Amino acid sequence: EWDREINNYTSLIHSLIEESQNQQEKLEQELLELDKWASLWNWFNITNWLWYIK
Amino acid sequence: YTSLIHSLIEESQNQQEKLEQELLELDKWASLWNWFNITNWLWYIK
């Protein structure tokens with residue numbers, strides 16, 4: 001009976017919430033990795049600029 | 001950039017909030033339907 005559908009729809013909503021949470025987590029991890037390398041390339045660029053100071 | 005990526009995680013959070021509210025509404029429906037089912041069963045086994 002309709003309890004099957006209710007249980008199925010409940011599980012699907014949970015699956016979607018989890019997929020959305022996983023997408024959020026991946027974006028956060030991507031931003032953290034990009035921030036790390038942005039910081040290292042910024043460091044490299046600054047270091048090159050400082051060389052010219054006599 | 002700053003404003004654009006800001007909106008993407010916000011979009012994800014908005015989606016999750018909507019799905020959470022859909023679950024709570026579905027739970028209310030489940031409660032209503034279960035009440036009918038139990039009343040019906042008790043009537044038939046009385």
# chains A, B, ... in the order shown; residues from 1 in each chain; ligands from 1
>>> interface_residues(of="chain B", to="chain A", cutoff="8 Å", atoms="only C-alpha atoms", output="ChimeraX atom specification")
/B:9,12-13,15-16,19-20,22-23,26,30
>>> atom_distance(atom1="CA of residue 35 in chain A", atom2="CA of residue 14 in chain B")
24.4 Å
>>> atom_distance(atom1="CA of residue 6 in chain B", atom2="CA of residue 18 in chain B")
18.5 Å
>>> atom_distance(atom1="CA of residue 40 in chain B", atom2="CA of residue 5 in chain A")
19.2 Å
